[PDB]
Structure formats: C-alpha cells, structure tokens
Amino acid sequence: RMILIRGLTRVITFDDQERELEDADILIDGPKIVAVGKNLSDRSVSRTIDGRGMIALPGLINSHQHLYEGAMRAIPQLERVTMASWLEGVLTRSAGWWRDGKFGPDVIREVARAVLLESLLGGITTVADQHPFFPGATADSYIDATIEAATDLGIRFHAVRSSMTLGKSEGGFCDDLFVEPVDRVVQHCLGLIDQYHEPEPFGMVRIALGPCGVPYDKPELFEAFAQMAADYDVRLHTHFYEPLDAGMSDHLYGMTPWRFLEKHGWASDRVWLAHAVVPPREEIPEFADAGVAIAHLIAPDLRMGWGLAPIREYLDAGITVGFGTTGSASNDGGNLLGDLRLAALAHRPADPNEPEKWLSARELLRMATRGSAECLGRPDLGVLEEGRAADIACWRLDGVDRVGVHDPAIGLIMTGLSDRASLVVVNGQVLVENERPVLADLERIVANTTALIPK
C-alpha cells in the first residue's frame, strides 16, 4: 500500500550532497520516504501519481506564525506604522475583541483552520505557531484550538507556548493582566507536553517553549524553560535583536540581549531565535559556537521598516538559518514561498558591487525547508531522502507564466503569477492535488471562518 510519485521533471533533495534529479521518482511507505530516484518499482504500490511537469521539494516549513492574526489582515490604521504603534494596535485588538466575546477559543480555531489551509495550499507542510501578542491566549484554550485545527487538516504542527511575564509595573512592557506567574506558565506547559507532545520520529504535534523576549519576560522564566528543555527534550524559542531591544536590555540588566540569554541558559543548541535584525557584529561568532539557530523573517522586517538582517554573515559563520512569515498582521499573508522572492531581491542593494554576497534561490529554498527543520529540531524533516518523513511539496512548471525558464529552482523564486502548490503530501497523506484540497472542504471553511472574523 505504498505511493509512487513518478516522472517528476525536477527533484530538489537538499540532502548532504545537495543532489537534484531529473525525470525521477519518490516512493512513499506510510509516513516515510522509501526511495528517491529514477525508474523506481511500482511493485508494492497501491497508487501512482503523475509527476511529469512538476518540481518537487521537501515540504516548506514555516518556523514562525501567529495564527490568531489571520483576523487582523489589511487593517487601514495598521498599514503604515512602526513597531510601537503596530504592537499597541495588535495588543489592543486581541485584548478588546477577547473581552467582548468576539475572540473565543472557537473563533481562533476557525481562523487557524483557514490560515493553516492556506499554508497547505502554499506548499507548507509544517507550521510553528506562537501567540506573543494575544494576552488572553491561555485564559481561553487557545493552543488547544490551534492543535485541533491542525490535526483536522493533517498539517504537521509545533505549538510554541508564549507569554509576557514581565509586568508593565515591575519593569515590564505589558498591561498587568497579560502577565502570568512563572510557575503558572511552567505548569501550563507541563500539562501541554503531557497531553499533546509527540516526541517519536514523524510525530505530528510538538510543544516548544517561547517567551516573547528579553524586554518582555522574567529571567526566572528563561531559566525554568532551560531546565524543562533538558528534561523533556523540547525546543526553546524567542525574539532576538529587534531594533531597540539592545537599549531596553541595557536599561534593565546593563547587558546585551545575547549576554542576558547566555546568563540564563539560552546560549545552547536547543534554541532558535526570530528576526535577529541588528546584533552587534562581534557577537556573531558566539551565536555560532553556542549552536543557536536563527529564523529569517523578511516580510515583517521590511514591513516595520527594520531592514535587512545579516543573513550572509550568519551563513558565513555556519549558523543554521530558517525562514518564516510571522503573523498576518505583519505580512500580511501566510505565503512563505512568495516571501522568498522578497528576500532574494531586497538583500541585493545592500551590497551593490558584490553579487557573490547576495542570497541565491537555492540558499533561500534551503532556509525554507532544511533550515527551518533544523530550527524546529526536526532531523526527520526538510530533506527528500530515504528515511525522512514523506512531507513533499510540488509545483507545476508548464504554465504560460513560466515559459522560457531555464533553471526550475530559480524559476520558482523569480517567476510566476501564483505560488499555489500542485501536489502536497504530509506524513505520507496526500492533502492537496491539482491545486485543490483533497479532504478539506474549501468553500465551507471559507464560509465558516469569514462569519467569525470580528466585524
């Protein structure tokens, strides 16, 4: 009862040798890839899928979503704002809607269902969601809602439990009722691991631990989480060197955000860090030696006016770099592949006479697959080879908008009227085919969710 994808025009593996293949196949057994190569046997195969005219990649992995923000897209007052106005805007709406019973757990479930379905249609097979800018998150069964939506759809899912534990009063940056006692956060997290965490290879739901950041959480939370990570082999995540962070840190602790993390147990290989826009250059070698990973988030970095993270420098230092979209209040889409084009182009003017420093299409596609898998600590994902999860995303190459394309991988980044995936498989299950959801009722999900968006 295996599945064979036959005759793929191009296969990008991102294996240890960066192999690519032409007119080749992928054989799938249950949740696992059996083989990648030419003329594989359809012996034990119960189904053969025609891959001709398609390019196949590992499933894309979005290492940074804020699903609840799907209901906050294209709001005119938030179109052109800097971080302070943006943050205030999002925090007030999530707090206001919630208090008025417009943002119940069931509203978040359906918003998550739409953004995760959009994610599948964009070739994204794993999503890591966090909720730093929705205070009522825990007081309303919000991670249970998102996990319910993800499992219904069959998308692989990492739920990052976030918080803002440093109160506006005692030095913080938060309305003193988005604040939870450290032990309360810890205990909620422990319960989530018990209930949902799937640590085995090919696990479909995992829990990670994600304070909002140095300006937002108590050092006691960072240390408690560092302990939990070792205890339960889960991952640690936080925001990192956003503009102004360095000053806020120096003010609270008289040290850099990095020095702070190192002091509280987060300078380790269990850690991935969001944005990393403006670190002191002299700290980059330390990032590398500690083995932290970094998620590049081009859309919000441009949207906020933050600018260009030193990604080339990170790769030069051998640091793991993944990719993410962040929430749809700062993007405002969940289109990861589309955002790769933004990064491909926007980094270039920074080095006008040194094109060798510009990020390539292949470097970017890697970030969105293997790089993100490494950020989430998933050695079972992000690569097309025997033994890895059968998480696969394919795009058609034969459309009128891709005529004259000479290199299909570069083509995926540099051409097209549409980033819609043709064929998407997650955990060996076909979820999208011919650009359409196989199991999900698209029109009904749109109808249901739209009715629930706070008016």
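The first residue of the sequence shown is number 1, and the count goes up from there.
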For 291-299 versus 84-92, entry-based mean Cα B-factors point to 84-92
Report the stretch with the higher mean CA temperature factor, choosing between 94-102 and 145-153 on the basis of the entry. 94-102
Using only the C-alpha B-factors in the record, can you name which of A139, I207, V321, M304 has the highest? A139
Please work out which residue in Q65, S46, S422, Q429 has the highest C-alpha B-factor recorded for this crystal structure. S46
Lowest, middle or highest third of the chain for the C-alpha temperature factor of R396? lowest
Pull the Cα B-factor of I12 out of the PDB entry and bin it into the chain's lowest, middle or highest third. lowest
Could you tell me which third, lowest, middle or highest, the C-alpha B-factor of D183 occupies within its chain? middle
Where does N335 sit by CA temperature factor within its chain: lowest, middle or highest third? lowest
Looking at the C-alpha B-factor of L412, is it in the lowest, middle or highest third of its chain? lowest
